[PDB]
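Asks:
Residue numbers (the entry's author numbering), protein chains in the order written: chain K, 0 to 24, 38 to 288; chain C, 1 to 104; chain G, 197 to 259.
(1) My understanding is that residue 10 of chain C touches residue 74 of chain C, with C-beta atoms under 8 Å, so please give their C-beta distance in whole angstroms.
(2) Would you please state the rounded distance, in angstroms, between the beta carbons of residue 279 of chain K and residue 252 of chain K? I believe it to be under 8 Å.
(3) Got a sec: is the Cβ-Cβ distance from residue 242 of chain G to anything in chain D below 7 Å?
(4) Just the Cα atoms here: how many angstroms apart are residue 275 of chain K and residue 263 of chain K?
(5) At a CB-CB cut-off below 8 Å, which residues of chain K make contact with residue 246 of chain G?
(6) Determine which residues share a DSSP beta bridge with residue 39 of chain C and list them.
(7) Given a cut-off of 7 Å on the beta-carbon distance, is the pair residue 210 of chain K and residue 224 of chain K in contact?
(8) Under the three-state reduction of DSSP, which class applies to residue 43 of chain K: helix, strand or coil?
(9) For residue 35 of chain C versus residue 49 of chain C, is the C-beta distance shorter than 7 Å?
(10) Between residue 228 of chain K and the rest of its own chain, which residues show a CB-CB distance below 7 Å, the 5 nearest in sequence each way excluded?
(11) Under 7 Å Cβ to Cβ from residue 256 of chain K, same chain only, skipping five residues before and after it: list those, please.
(12) Considering only the alpha carbon of each residue, which of K:141, K:6, K:15 and K:82 lies closest to residue 127 of chain K?
(13) Is the Cβ-Cβ distance between residue 169 of chain K and residue 185 of chain K less than 7 Å?
(14) Does the beta carbon of residue 219 of chain K sit closer than 7 Å to a beta carbon anywhere in chain C?
(15) Mind listing the chain K neighbours of residue 74 of chain C? Cutoff is C-beta to C-beta under 8 Å, in chain order.
(16) Leaving out the 5 sequence neighbours to the left and right, which residues in its chain are closer than 6 Å to residue 213 of chain K when beta-carbon positions are compared?
(17) Note down the Cα distance separating residue 148 of chain C from residue 199 of chain K, rounded to an integer number of angstroms.
(18) For the segment 37 to 50 of chain C, list every residue whose C-beta sits within 8 Å of some C-beta in chain K, in sequence order.
(19) Since residue 136 of chain K sits in a beta bridge, which residues does DSSP pair it with?
(20) Quick one: grab the DSSP three-state call for residue 206 of chain K.
(21) Do you know offhand how far residue 258 of chain K's Cα is from residue 250 of chain K's?
(22) When we look at the beta-carbon of residue 87 of chain K and count the other beta-carbons within 10 Å, is it buried (16 or more) or exposed?
(23) Taking the alpha-carbon of residue 117 of chain K as reference, which of K:68, K:166 and K:157 has the nearest alpha-carbon?
(24) With DSSP as the reference, label residue 4 of chain C as helix, strand or coil.
(25) Should the segment 5 to 23 of chain C be regarded as contacting the segment 238 to 247 of chain K, the criterion being three or more beta carbon pairs within less than 8 Å?
(26) Does the segment 77 to 85 of chain K come close enough to the segment 239 to 250 of chain G to have 3 or more Cβ pairs within less than 8 Å?
(27) Residue 82 of chain C by DSSP, collapsed to three states: which one?
(28) Alpha carbon to alpha carbon, what distance is there between residue 189 of chain K and residue 92 of chain K?
(29) Counting pairs of beta carbons, one from the segment 94 to 107 of chain K and one from the segment 59 to 77 of chain K, are three or more of them closer than 8 Å?
(30) Alpha carbon to alpha carbon, how far is residue 17 of chain C from residue 62 of chain C?
(31) With which residues is residue 46 of chain C paired in a DSSP beta bridge?
(32) Roughly how many angstroms lie between the CA atoms of residue 41 of chain K and residue 131 of chain K, to the nearest whole one?
(33) Along chain C, which residues have their Cβ under 8 Å away from the Cβ of residue 71 of chain K?
Structure follows, in structure tokens:
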């Protein structure tokens with residue numbers, strides 16, 4: 000249609016105009045580049061729009077400008093996100109470095125979380141995502157952002173239990189439970205977190221899980237009254253009895269009582285496999 | 001003699017578990033040696049050590065019944081100090097033991 | 197008496213579900229809008245800071 004050809008031709012003309020203007024040797041060149049990138053964006057040509065944005069970013073950075081250059085880098089990375097995760101990651105890292113030098117921790121941490129999300133969603137790499145989440149969590153904790161740090165730590169612990177050793181899961185879950193139980197609003201859910209740690213202890217051995225649940229019960233009296241500790245005790249009795257039938261019966265009874273997260277199911281399957 | 005910190009281990013073999021002897025490393029201890037293990041200020045439990053190659057230096061293993069009775073656990077930090085029996089007074093003359101069916 | 201009470205409970209539950217859904221979507225839209233204004237105000241404050249710094253340096257050079 001008219002839109003495609005017209006916008007493409009106009010963008011090419013603007014690029015040629017900017018190239019000639021720089022060849023004469038400058039802010040007008042940056043404005044022309046930004047306009048050409050916008051026309052490319054309307055033409056749905058996501059590829060090569062980030063290149064124009066980056067060219068404008070360098071042209072403006074040449075004259076000591078850093079803020080608008082950082083914003084242009086962030087926008088170019090966001091545009092590259094769908095076209096190419098690698099270039100988007102590079103641009104976002106550049107923006108994060110610039111802002112960290114300028115001291116904008118909130119923007120840097122948000123960009124780090126975005127980098128982790130793009131790493132874990134499109135590409136297959138969790139360790140880099142784990143490191144990005146840890147960096148963002150530390151940045152937020154420095155800015156006393158309790159909820160963001162807690163969420164990042166919980167996600168890191170979940171991933172670590174999923175693929176990495178159980179020590180990280182135990183440590184992070186215990187820390188989050190300590191932080192939340194004392195809080196008034198979140199105490200209701202605090203129990204949940206603790207339970208996870210106990211299950212992660214059952215992965216290593218039954219004695220460690222028993223000691224962990226006893227410590228949790230002693231620390232948190234309500235943990236004694238919870239149905240979850242009763243279910244864990246029944247599962248412990250089944251395991252010491254080497255009776256997979258009791259394990260399955262308890263698991264199915266709990267599932268009927270309440271639905272599962274599909275992660276507890278995986279952990280319980282791993283635990284029941286090793287009963288032997 | 002003065003006592004050293006360590007971490008417990010798991011019993012390698014059923015035969016050693018039945019003998020109720022803490023399985024230790026040859027480089028660390030020797031067969032027939034007698035020790036006291038501290039888990040807390042109010043938790044001192046007496047044991048006798050037997051050496052097996054499977055035990056890594058700096059580690060000592062206990063049987064499951066021993067862990068249950070003394071409350072020992074794998075992964076926890078304890079202390080072990082050599083202790084000597086005073087046979088002149090500590091010799092066993094008559095020991096009465098309660099026996100129960102281990103498996104119902 | 198069974199029908200009246202059961203239907204009343206069902207009506208209350210359904211109304212709660214529907215209104216909670218609607219207000220949750222409203223909260224999501226509100227969050228998006230407030231994020232947009234957050235970035236806008238951050239950019240505005242940064243640019244005004246830069247502009248006033250430029251003005252100060254220019255006037256001091258001229259005076």
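Note that the Cβ used here is the ideal one computed from N, Cα and C, for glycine as well.
Replies: This is what the structure holds:
(1) 6 Å
(2) About 18 Å separates the two Cβ atoms, so there is no contact after all.
(3) Absence of chain D from the displayed structure is noted, the protein chains being K, C and G.
(4) Residue 263 of chain K has its alpha-carbon roughly 13 Å from the corresponding atom of residue 275 of chain K.
(5) 79
(6) For residue 39 of chain C, which the question treats as bridged, DSSP gives no partner whatsoever.
(7) For residue 210 of chain K and residue 224 of chain K, yes; Cβs fall inside 7 Å.
(8) helix
(9) yes
(10) 206, 210 and 235
(11) 284 and 287
(12) K:141
(13) yes
(14) yes
(15) 217, 219 and 220
(16) 220, 221 and 224
(17) Residue 148 of chain C is absent from the structure shown; chain C starts at 1 and stops at 104.
(18) none
(19) Looking at the DSSP assignment, residue 136 of chain K forms no beta bridge with any residue, so it has no partner.
(20) helix
(21) 6 Å
(22) buried
(23) K:157
(24) strand
(25) With a cut-off of 8 Å, the segment 238 to 247 of chain K and the segment 5 to 23 of chain C do not count as touching, because too few Cβ pairs lie within range.
(26) yes
(27) strand
(28) 39 Å
(29) yes
(30) A direct Cα-Cα distance of roughly 8 Å separates residue 17 of chain C from residue 62 of chain C.
(31) C:36
(32) 34 Å
(33) Close to residue 71 of chain K, with beta-carbon spacing below 8 Å, lies no residue of chain C; the smallest spacing is near 60 Å.
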